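Trainee: Input data14.txt, format and content: compact mmCIF, C-alpha atoms and all ligand atoms.
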# COMPACT_ATOMS: atom_id res chain seq x y z
CA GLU A 4 0.00 0.00 0.00
CA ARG A 5 1.36 3.48 1.07
CA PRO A 6 0.38 6.73 -0.70
CA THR A 7 2.62 9.52 -1.99
CA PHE A 8 3.26 12.55 0.18
CA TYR A 9 4.26 16.10 -0.88
CA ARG A 10 5.72 19.11 0.99
CA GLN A 11 4.34 22.61 1.62
CA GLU A 12 5.49 25.22 4.17
CA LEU A 13 2.26 26.51 5.66
CA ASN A 14 2.61 29.50 8.00
CA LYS A 15 5.97 28.64 9.66
CA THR A 16 5.49 24.82 9.55
CA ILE A 17 6.04 22.15 6.85
CA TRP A 18 3.04 19.87 6.21
CA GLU A 19 3.72 16.59 4.39
CA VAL A 20 0.45 14.90 3.38
CA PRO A 21 -0.96 12.26 0.95
CA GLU A 22 -1.77 13.50 -2.59
CA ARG A 23 -5.49 12.95 -2.02
CA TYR A 24 -5.55 16.09 0.18
CA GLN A 25 -5.47 19.31 -1.84
CA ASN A 26 -6.08 23.06 -1.47
CA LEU A 27 -4.93 23.17 2.14
CA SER A 28 -5.67 26.55 3.71
CA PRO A 29 -4.60 27.74 7.19
CA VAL A 30 -7.06 28.08 10.03
CA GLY A 31 -5.12 27.70 13.30
CA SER A 37 -1.86 23.84 13.76
CA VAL A 38 -4.99 23.06 11.68
CA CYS A 39 -5.93 23.25 7.98
CA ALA A 40 -9.01 23.14 5.82
CA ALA A 41 -8.46 20.80 2.89
CA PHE A 42 -10.25 18.76 0.27
CA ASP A 43 -10.09 14.93 0.20
CA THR A 44 -10.31 13.85 -3.47
CA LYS A 45 -10.70 10.15 -2.61
CA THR A 46 -13.97 10.60 -0.69
CA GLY A 47 -15.10 14.03 -1.91
CA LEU A 48 -15.27 15.39 1.65
CA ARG A 49 -13.87 18.73 2.71
CA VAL A 50 -11.94 18.08 5.90
CA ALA A 51 -9.99 19.53 8.81
CA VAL A 52 -6.39 18.34 9.26
CA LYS A 53 -4.31 18.65 12.43
CA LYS A 54 -0.56 18.26 12.89
CA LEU A 55 0.58 17.52 16.47
CA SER A 56 3.48 19.89 17.30
CA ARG A 57 6.43 17.96 18.75
CA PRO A 58 4.17 15.02 19.56
CA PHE A 59 6.84 13.25 21.66
CA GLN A 60 8.71 16.17 23.26
CA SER A 61 8.25 14.66 26.76
CA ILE A 62 6.53 11.99 28.88
CA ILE A 63 3.52 14.26 29.56
CA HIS A 64 3.34 15.02 25.84
CA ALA A 65 3.97 11.46 24.62
CA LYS A 66 1.13 10.30 26.83
CA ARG A 67 -1.01 13.24 25.66
CA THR A 68 -0.73 12.41 21.93
CA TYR A 69 -1.50 8.76 22.71
CA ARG A 70 -4.55 9.80 24.77
CA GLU A 71 -5.78 12.05 21.97
CA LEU A 72 -5.26 9.56 19.13
CA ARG A 73 -6.78 6.77 21.15
CA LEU A 74 -9.80 8.99 21.89
CA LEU A 75 -10.32 10.17 18.32
CA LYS A 76 -9.91 6.50 17.27
CA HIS A 77 -12.64 5.32 19.61
CA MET A 78 -15.23 8.04 18.73
CA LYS A 79 -17.73 7.00 16.02
CA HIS A 80 -20.93 9.06 16.17
CA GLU A 81 -22.68 11.84 14.13
CA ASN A 82 -22.33 14.34 17.01
CA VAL A 83 -18.74 13.61 18.12
CA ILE A 84 -15.46 14.53 16.41
CA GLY A 85 -14.26 11.47 14.47
CA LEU A 86 -11.25 10.31 12.48
CA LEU A 87 -11.69 9.80 8.77
CA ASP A 88 -7.91 9.33 8.65
CA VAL A 89 -4.73 9.54 10.75
CA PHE A 90 -1.32 9.32 9.12
CA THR A 91 2.42 9.84 9.38
CA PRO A 92 4.87 10.41 6.52
CA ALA A 93 7.43 8.33 8.44
CA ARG A 94 8.32 4.90 7.06
CA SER A 95 9.28 3.41 10.44
CA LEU A 96 9.22 3.88 14.20
CA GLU A 97 12.93 4.86 13.96
CA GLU A 98 12.03 8.20 12.26
CA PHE A 99 8.31 8.34 13.24
CA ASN A 100 7.80 11.89 14.59
CA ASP A 101 4.65 13.43 13.08
CA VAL A 102 0.93 12.71 13.47
CA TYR A 103 -1.68 14.23 11.15
CA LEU A 104 -5.27 13.82 12.32
CA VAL A 105 -7.99 14.20 9.71
CA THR A 106 -11.66 14.96 10.48
CA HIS A 107 -14.77 16.34 8.82
CA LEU A 108 -14.71 20.10 8.20
CA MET A 109 -17.42 21.99 10.05
CA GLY A 110 -16.24 25.57 9.71
CA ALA A 111 -17.48 27.39 12.80
CA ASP A 112 -18.38 26.79 16.42
CA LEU A 113 -21.28 28.03 18.52
CA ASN A 114 -19.40 31.22 19.45
CA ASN A 115 -19.03 32.14 15.78
CA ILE A 116 -22.81 31.66 15.26
CA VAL A 117 -24.79 32.31 18.50
CA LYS A 118 -22.83 35.10 20.41
CA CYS A 119 -25.13 37.57 22.21
CA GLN A 120 -28.01 36.14 20.18
CA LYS A 121 -31.34 34.96 21.62
CA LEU A 122 -32.02 31.96 19.31
CA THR A 123 -35.41 30.48 18.42
CA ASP A 124 -36.74 27.64 20.61
CA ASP A 125 -36.67 25.21 17.66
CA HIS A 126 -32.97 25.99 17.19
CA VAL A 127 -32.05 25.70 20.90
CA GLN A 128 -33.72 22.28 20.95
CA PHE A 129 -31.86 21.04 17.85
CA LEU A 130 -28.46 22.19 19.21
CA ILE A 131 -28.87 20.73 22.73
CA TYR A 132 -30.44 17.49 21.46
CA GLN A 133 -27.27 16.91 19.43
CA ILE A 134 -25.02 17.77 22.39
CA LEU A 135 -26.91 15.32 24.59
CA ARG A 136 -26.99 12.58 21.94
CA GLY A 137 -23.24 12.95 21.53
CA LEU A 138 -22.94 13.02 25.34
CA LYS A 139 -25.05 9.84 25.77
CA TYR A 140 -22.62 8.17 23.43
CA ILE A 141 -19.55 9.65 25.19
CA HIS A 142 -20.71 8.90 28.74
CA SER A 143 -21.63 5.33 27.66
CA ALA A 144 -17.90 4.55 27.13
CA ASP A 145 -17.24 6.00 30.60
CA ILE A 146 -15.39 8.95 29.10
CA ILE A 147 -15.76 12.49 30.45
CA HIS A 148 -15.22 15.68 28.48
CA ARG A 149 -14.61 17.91 31.52
CA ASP A 150 -14.29 21.11 29.39
CA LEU A 151 -17.65 21.57 27.55
CA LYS A 152 -18.28 25.08 26.26
CA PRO A 153 -19.43 26.65 22.99
CA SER A 154 -15.90 26.73 21.51
CA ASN A 155 -15.68 22.93 21.73
CA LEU A 156 -18.84 22.43 19.65
CA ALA A 157 -18.33 22.61 15.89
CA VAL A 158 -21.39 23.69 13.87
CA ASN A 159 -21.73 23.72 10.08
CA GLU A 160 -24.21 25.93 8.20
CA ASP A 161 -26.98 23.25 8.54
CA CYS A 162 -27.13 23.45 12.41
CA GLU A 163 -25.28 20.07 12.60
CA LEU A 164 -23.18 19.91 15.77
CA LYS A 165 -20.07 17.85 16.43
CA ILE A 166 -18.51 17.71 19.90
CA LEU A 167 -14.83 18.52 19.98
CA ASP A 168 -11.66 18.88 22.09
CA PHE A 169 -11.87 16.79 25.26
CA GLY A 170 -10.08 18.02 28.43
CA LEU A 171 -6.93 16.06 27.59
CA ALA A 172 -4.52 18.25 29.63
CA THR A 175 -3.45 25.67 33.35
CA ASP A 176 -3.96 28.14 36.25
CA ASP A 177 -3.54 31.42 34.25
CA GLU A 178 -5.81 30.21 31.44
CA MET A 179 -8.62 29.85 34.06
CA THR A 180 -8.30 33.17 35.98
CA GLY A 181 -10.51 36.27 35.94
CA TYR A 182 -13.33 37.24 33.57
CA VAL A 183 -12.80 34.37 31.05
CA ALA A 184 -15.04 31.83 29.23
CA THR A 185 -12.41 29.20 29.91
CA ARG A 186 -14.28 28.80 33.25
CA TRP A 187 -17.91 29.94 32.91
CA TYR A 188 -19.24 26.48 31.97
CA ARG A 189 -17.47 24.38 34.58
CA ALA A 190 -19.36 22.62 37.30
CA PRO A 191 -18.38 24.14 40.69
CA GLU A 192 -17.36 20.74 42.15
CA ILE A 193 -14.41 20.87 39.73
CA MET A 194 -13.79 24.63 39.45
CA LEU A 195 -13.11 24.47 43.21
CA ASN A 196 -11.85 20.82 43.23
CA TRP A 197 -14.55 19.73 45.75
CA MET A 198 -14.38 16.01 45.07
CA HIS A 199 -13.44 13.36 42.56
CA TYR A 200 -16.14 14.03 40.02
CA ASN A 201 -18.70 12.04 38.05
CA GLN A 202 -19.39 12.47 34.34
CA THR A 203 -22.34 14.72 35.15
CA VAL A 204 -19.87 17.62 35.21
CA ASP A 205 -20.74 17.75 31.49
CA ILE A 206 -24.50 18.04 32.11
CA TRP A 207 -23.84 21.16 34.15
CA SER A 208 -21.95 22.63 31.19
CA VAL A 209 -24.80 21.81 28.81
CA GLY A 210 -27.06 23.69 31.23
CA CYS A 211 -24.93 26.82 31.04
CA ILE A 212 -24.80 26.57 27.23
CA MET A 213 -28.55 26.07 27.01
CA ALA A 214 -29.37 29.03 29.23
CA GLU A 215 -27.00 31.15 27.17
CA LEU A 216 -28.59 30.14 23.81
CA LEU A 217 -32.07 31.13 25.06
CA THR A 218 -31.10 34.20 27.09
CA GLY A 219 -28.31 35.25 24.73
CA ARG A 220 -26.17 36.08 27.77
CA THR A 221 -23.51 34.10 29.64
CA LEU A 222 -25.27 32.25 32.47
CA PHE A 223 -22.54 32.49 35.14
CA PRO A 224 -20.03 35.09 33.86
CA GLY A 225 -18.03 35.37 37.09
CA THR A 226 -15.06 37.75 37.38
CA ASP A 227 -13.17 34.99 39.28
CA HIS A 228 -13.70 31.54 40.86
CA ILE A 229 -15.36 32.95 44.00
CA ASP A 230 -17.46 35.55 42.23
CA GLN A 231 -18.65 32.73 39.92
CA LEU A 232 -19.46 30.41 42.80
CA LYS A 233 -21.46 33.31 44.28
CA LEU A 234 -23.36 33.83 40.99
CA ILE A 235 -24.00 30.07 40.91
CA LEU A 236 -25.18 29.49 44.49
CA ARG A 237 -27.48 32.50 44.14
CA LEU A 238 -29.31 30.89 41.22
CA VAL A 239 -29.35 27.32 42.45
CA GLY A 240 -29.23 27.57 46.26
CA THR A 241 -26.38 27.10 48.77
CA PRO A 242 -25.72 23.42 49.43
CA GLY A 243 -27.54 21.46 52.15
CA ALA A 244 -25.89 19.20 54.71
CA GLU A 245 -26.18 16.14 52.43
CA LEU A 246 -24.02 17.62 49.67
CA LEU A 247 -21.72 19.06 52.39
CA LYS A 248 -20.67 15.55 53.56
CA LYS A 249 -19.86 14.67 49.92
CA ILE A 250 -17.49 17.61 49.44
CA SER A 251 -14.45 15.64 50.57
CA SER A 252 -12.09 18.60 51.12
CA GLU A 253 -12.16 20.18 54.60
CA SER A 254 -11.14 23.62 53.21
CA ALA A 255 -13.86 23.64 50.52
CA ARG A 256 -16.49 22.57 53.08
CA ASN A 257 -15.30 25.15 55.59
CA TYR A 258 -15.50 27.90 52.98
CA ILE A 259 -18.97 26.87 51.81
CA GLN A 260 -20.03 26.72 55.48
CA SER A 261 -18.88 30.37 55.79
CA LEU A 262 -21.32 31.33 53.05
CA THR A 263 -24.53 32.86 54.30
CA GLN A 264 -27.33 30.40 53.40
CA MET A 265 -29.86 31.12 50.64
CA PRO A 266 -32.57 29.37 48.70
CA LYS A 267 -32.96 28.23 45.09
CA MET A 268 -34.33 31.03 42.85
CA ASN A 269 -37.38 30.42 40.69
CA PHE A 270 -36.16 29.74 37.13
CA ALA A 271 -39.43 30.78 35.47
CA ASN A 272 -38.60 34.26 36.82
CA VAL A 273 -34.96 34.11 35.70
CA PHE A 274 -35.85 32.85 32.22
CA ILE A 275 -38.85 35.09 31.48
CA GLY A 276 -41.03 34.03 28.53
CA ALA A 277 -39.01 30.86 28.06
CA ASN A 278 -40.73 27.63 27.11
CA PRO A 279 -41.73 25.92 30.43
CA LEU A 280 -40.35 22.62 29.12
CA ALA A 281 -36.87 24.19 28.69
CA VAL A 282 -37.06 25.95 32.05
CA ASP A 283 -37.96 22.55 33.52
CA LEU A 284 -34.94 20.95 31.86
CA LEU A 285 -32.61 23.70 33.07
CA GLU A 286 -34.06 23.17 36.56
CA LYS A 287 -32.94 19.54 36.25
CA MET A 288 -29.50 20.21 34.71
CA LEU A 289 -28.37 23.11 36.93
CA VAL A 290 -28.40 21.18 40.22
CA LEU A 291 -25.56 21.52 42.70
CA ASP A 292 -25.46 17.86 43.88
CA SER A 293 -23.84 16.19 40.83
CA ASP A 294 -25.51 12.93 41.95
CA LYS A 295 -29.05 14.30 41.37
CA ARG A 296 -28.59 15.96 37.97
CA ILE A 297 -30.31 14.64 34.84
CA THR A 298 -28.26 12.31 32.64
CA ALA A 299 -27.78 12.58 28.85
CA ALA A 300 -29.86 9.43 28.40
CA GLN A 301 -32.73 10.59 30.65
CA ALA A 302 -32.76 14.06 29.01
CA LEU A 303 -33.13 12.79 25.45
CA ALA A 304 -36.36 11.27 26.80
CA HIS A 305 -37.53 14.69 28.13
CA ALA A 306 -40.64 16.29 26.56
CA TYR A 307 -38.65 19.35 25.36
CA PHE A 308 -37.05 17.13 22.66
CA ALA A 309 -40.26 15.22 21.77
CA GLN A 310 -40.00 16.51 18.17
CA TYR A 311 -36.38 15.17 17.88
CA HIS A 312 -36.31 12.19 20.33
CA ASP A 313 -35.78 8.84 18.58
CA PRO A 314 -34.71 6.12 21.01
CA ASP A 315 -33.64 3.86 18.11
CA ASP A 316 -31.33 6.50 16.69
CA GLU A 317 -29.51 7.35 19.92
CA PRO A 318 -26.55 4.93 19.82
CA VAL A 319 -24.35 3.99 22.71
CA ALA A 320 -20.67 3.22 22.15
CA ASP A 321 -18.48 0.18 22.56
CA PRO A 322 -16.52 0.21 25.82
CA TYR A 323 -13.33 2.32 26.10
CA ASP A 324 -10.32 0.75 27.77
CA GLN A 325 -8.57 3.75 29.36
CA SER A 326 -6.49 1.70 31.78
CA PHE A 327 -3.45 3.30 30.12
CA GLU A 328 -4.23 6.46 32.15
CA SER A 329 -3.09 4.86 35.42
CA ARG A 330 0.15 3.56 33.90
CA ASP A 331 3.67 5.03 33.92
CA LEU A 332 5.82 4.64 30.81
CA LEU A 333 8.81 6.07 29.02
CA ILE A 334 8.78 8.38 25.99
CA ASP A 335 9.77 5.52 23.67
CA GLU A 336 7.07 3.20 25.05
CA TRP A 337 4.29 5.79 24.56
CA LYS A 338 5.56 6.60 21.06
CA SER A 339 5.50 2.91 20.05
CA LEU A 340 2.03 2.52 21.53
CA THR A 341 1.21 5.61 19.46
CA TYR A 342 2.86 4.22 16.28
CA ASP A 343 0.96 0.98 16.66
CA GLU A 344 -2.23 3.13 16.74
CA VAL A 345 -1.35 5.09 13.57
CA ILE A 346 -0.31 2.13 11.40
CA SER A 347 -3.20 -0.04 12.67
CA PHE A 348 -5.79 2.54 11.59
CA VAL A 349 -8.78 1.58 9.42
CA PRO A 350 -11.00 4.19 7.76
CA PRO A 351 -14.78 4.06 7.82
CA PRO A 352 -17.34 3.52 5.04
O1 LIG B 401 -14.51 22.22 11.38
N1 LIG B 401 -13.45 21.82 12.25
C1 LIG B 401 -13.11 20.53 12.25
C2 LIG B 401 -12.10 20.05 13.08
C3 LIG B 401 -11.42 20.93 13.92
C4 LIG B 401 -10.40 20.53 14.79
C5 LIG B 401 -9.91 19.14 14.85
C6 LIG B 401 -10.06 18.31 15.94
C7 LIG B 401 -9.53 17.02 15.88
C8 LIG B 401 -8.85 16.59 14.74
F1 LIG B 401 -8.33 15.36 14.65
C9 LIG B 401 -8.69 17.43 13.67
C10 LIG B 401 -9.22 18.69 13.74
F2 LIG B 401 -9.06 19.49 12.68
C11 LIG B 401 -9.76 21.49 15.58
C12 LIG B 401 -10.16 22.82 15.52
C13 LIG B 401 -9.54 23.85 16.38
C14 LIG B 401 -9.85 25.25 15.86
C15 LIG B 401 -9.46 26.34 16.86
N2 LIG B 401 -9.99 26.05 18.18
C16 LIG B 401 -9.82 24.73 18.76
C17 LIG B 401 -10.14 23.63 17.77
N3 LIG B 401 -11.17 23.18 14.69
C18 LIG B 401 -11.80 22.28 13.90
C19 LIG B 401 -12.83 22.71 13.06
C20 LIG B 401 -13.16 24.16 13.03
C21 LIG B 401 -13.88 24.82 14.00
CL1 LIG B 401 -14.51 23.93 15.40
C22 LIG B 401 -14.13 26.18 13.89
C23 LIG B 401 -13.63 26.90 12.81
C24 LIG B 401 -12.90 26.24 11.83
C25 LIG B 401 -12.66 24.88 11.95
CL2 LIG B 401 -11.70 24.04 10.68
As structure tokens - that is how I would like this structure written.
Ligand SMILES: [O-][n+]1ccc2c(-c3ccc(F)cc3F)cc(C3CCNCC3)nc2c1-c1c(Cl)cccc1Cl

Mentor:
Amino acid sequence: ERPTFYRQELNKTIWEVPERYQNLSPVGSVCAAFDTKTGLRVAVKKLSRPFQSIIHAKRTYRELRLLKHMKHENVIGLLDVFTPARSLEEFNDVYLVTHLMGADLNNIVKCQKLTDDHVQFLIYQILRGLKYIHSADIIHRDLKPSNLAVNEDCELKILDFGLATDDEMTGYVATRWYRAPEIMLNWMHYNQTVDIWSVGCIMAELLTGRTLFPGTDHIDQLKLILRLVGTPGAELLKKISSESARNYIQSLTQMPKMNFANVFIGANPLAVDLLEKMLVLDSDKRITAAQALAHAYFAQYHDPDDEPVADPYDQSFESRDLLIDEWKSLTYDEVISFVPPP
């Protein structure tokens, strides 16, 4: 087998790709391109210094393994992964190819009170993708509009899992406005429902057209949050397994859950109901992706025979220490073993 690769310097970096891919244009390192073999326009990603270190060697493996496992209409998939190397001895580049989408929610919603029919179609897709993700016991951890690719047909694909800092999460920034508090403030080892909280921020935003919890810092955000959803009761308190977090919450002057119908004025009661059930402090009691696809709000889009689960994902590599070379070989095995879809 083996196709023929060709060079082109593209904004500071050399990309060497199979002939099939043509008309590469910059974007971010990512490129738009056109895949002659299949007729699909696609996004292409080159991992910078994929095996620079142990943290990085593991990271590339984690990413490639994740992209390799994901097969679903609402989750970022791999049409192709390749290296121009001819052996492990000079293997040093990974190019990850996916469908081209073209924008994300930010570049389409953005201070923009959408129609109820839209907001349903967007969240249904998130949740369908999330039912599939959560079914392989994978968590995303960092859901937010920028990690949701939308094409001009309102078709959503979930992107960029939380594979990996303190400065990138500080002050008035969207890097932190969608995070469940239990993880913003490291309260406990956290379930997968952390994602459902993020969907609830996103949803509120799409209807209201304004950031739900746009806190100026971690503690201002917690304050904005508790105000909307109540301060925690003694039951949740026991679960927060971090004496300093508990103590601080205990300091907070108690207050009750606000009425959402009055926060989301003129919003469809079904949506308000859903939000009520997503934005819950006790991660244990939130609605799941599965259960939410069965909610009335998505009755026009719910199809329990077209809401696939996944195969199981063996992530036991995570709790496993290895050398650069051993991660890179595990990575190489993954690249050369790849099979494309129909
Ligand atoms: O459609 N599309 C498809 C895939 C991506 C990817 C992307 C993710 C995994 C992969 F193996 C290959 C990729 F190209 C990474 C980014 C990165 C772009 C900058 N921000 C982080 C993700 N953007 C896109 C996009 C995209 C988006 Cl979501 C908005 C605008 C333009 C593009 Cl081409």

Trainee: For residue A:119, which residue among A:335, A:70, A:222, A:319 is the nearest when counting only C-alpha atoms?

Mentor: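 Smallest separation from residue A:119 among the options: A:222.
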
Trainee: Taking into account all atoms listed in the file, which residue in the set A:96, A:113, A:239, A:108 is nearest to ligand LIG 401 (chain B)?

Mentor: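 Among the listed residues, A:108 lies closest to ligand LIG 401 (chain B).
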
Trainee: For the interface of chain A with ligand LIG 401 (chain B) (cut-off 8 Å, counting only C-alpha atoms and all ligand atoms), please tabulate each contacting residue of chain A alongside its nearest pair of atoms and their separation in Å to one decimal, rows sorted by chain and increasing number, as a Markdown table.

Mentor:
| residue | atom | partner | partner_atom | distance |
| --- | --- | --- | --- | --- |
| A:30 | CA | B:LIG401 | CL2 | 6.2 |
| A:31 | CA | B:LIG401 | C15 | 5.8 |
| A:38 | CA | B:LIG401 | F2 | 5.5 |
| A:39 | CA | B:LIG401 | CL2 | 6.4 |
| A:40 | CA | B:LIG401 | CL2 | 5.6 |
| A:50 | CA | B:LIG401 | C1 | 6.9 |
| A:51 | CA | B:LIG401 | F2 | 4.0 |
| A:52 | CA | B:LIG401 | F2 | 4.5 |
| A:53 | CA | B:LIG401 | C9 | 4.7 |
| A:72 | CA | B:LIG401 | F1 | 7.9 |
| A:75 | CA | B:LIG401 | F1 | 6.7 |
| A:84 | CA | B:LIG401 | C7 | 6.5 |
| A:85 | CA | B:LIG401 | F1 | 7.1 |
| A:86 | CA | B:LIG401 | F1 | 6.2 |
| A:89 | CA | B:LIG401 | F1 | 7.9 |
| A:103 | CA | B:LIG401 | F1 | 7.6 |
| A:104 | CA | B:LIG401 | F1 | 4.1 |
| A:105 | CA | B:LIG401 | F1 | 5.1 |
| A:106 | CA | B:LIG401 | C9 | 5.0 |
| A:107 | CA | B:LIG401 | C1 | 5.7 |
| A:108 | CA | B:LIG401 | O1 | 3.8 |
| A:109 | CA | B:LIG401 | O1 | 3.2 |
| A:110 | CA | B:LIG401 | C24 | 4.0 |
| A:111 | CA | B:LIG401 | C22 | 3.7 |
| A:112 | CA | B:LIG401 | CL1 | 4.9 |
| A:115 | CA | B:LIG401 | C22 | 7.9 |
| A:154 | CA | B:LIG401 | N2 | 6.8 |
| A:155 | CA | B:LIG401 | CL1 | 6.5 |
| A:156 | CA | B:LIG401 | CL1 | 6.2 |
| A:157 | CA | B:LIG401 | CL1 | 4.1 |
| A:158 | CA | B:LIG401 | CL1 | 7.1 |
| A:159 | CA | B:LIG401 | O1 | 7.5 |
| A:167 | CA | B:LIG401 | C6 | 6.3 |
| A:168 | CA | B:LIG401 | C6 | 6.4 |

Trainee: So which one's closest to residue A:254, A:175, A:130, A:198, A:17? Using only C-alpha atoms, please.

Mentor: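 Of the candidates, the smallest distance to residue A:254 is held by A:198.
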
Trainee: Using all atoms listed in the file, which of A:283, A:317, A:98, A:81 sits nearest residue A:164?

Mentor: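 Nearest candidate to residue A:164 out of A:283, A:317, A:98, A:81: A:81.
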
Trainee: Residues proximal to (-22.6, 12.2, 27.7) were defined as those with any atom within 10 Å of that point in the file's coordinates, counting all atoms listed in the file. Which are they, as a PyMOL selection string?

Mentor: chain A and resi 134-148+202-206+209+298-300+319

Trainee: Just the number, please: distance in Å from atom CA of residue A:318 to atom CA of residue A:77, one decimal.

Mentor: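 Separation between atom CA of residue A:318 and atom CA of residue A:77: 13.9 Å.
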
Trainee: Which distance in Å separates atom CA of residue A:242 and atom CA of residue A:295, to one decimal?

Mentor: 12.6 Å

Trainee: Looking at A:289, A:181, A:170, A:199, which one is nearest to residue A:74, with distances taken over only C-alpha atoms?

Mentor: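 Looking only at the distances to residue A:74, the closest residue turns out to be A:170.
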
Trainee: May I have the protein, DNA and RNA residues with an atom at most 8 Å from (2.7, 7.0, 9.1), counting all atoms listed in the file in the file's coordinates, returned as a ChimeraX atom specification?

Mentor: /A:90-95,99,101-102,342,345-346

Trainee: Centre and edge lengths, as lines of an AutoDock Vina configuration file, for the axis-aligned box enclosing every listed atom of stretch 77-88 of chain A with 6 Å of padding on each of the six sides, in Å to one decimal?

Mentor:
center_x = -15.3
center_y = 9.9
center_z = 14.1
size_x = 26.8
size_y = 21.2
size_z = 23.0

Trainee: When you count all atoms listed in the file, which of these residues is closest to residue A:124: A:171, A:238, A:277, A:232?

Mentor: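 Closest to residue A:124, using all atoms listed in the file: A:277.
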
Trainee: Can you measure atom CA of residue A:303 to atom CA of residue A:76 for me? One decimal in Å is fine.

Mentor: 25.4 Å

Trainee: Find the residues near residue A:22: any atom within 12 Å, counting only C-alpha atoms, skip ones fewer than 3 places away on the same chain, and give them as a VMD selection string.

Mentor: chain A and resid 5 to 11 18 to 19 25 to 27 41 to 45 92

Trainee: At a cut-off of 12 Å, using all atoms listed in the file, what residues contact residue A:309? Leave out same-chain residues fewer than 3 positions from it and give the result as a list in words.

Mentor: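 After dropping sequence-adjacent residues, the list is residues 125, 128, 129, 132, 280, 281, 302, 303, 304, 305, 306, 312, 313 and 314 of chain A.
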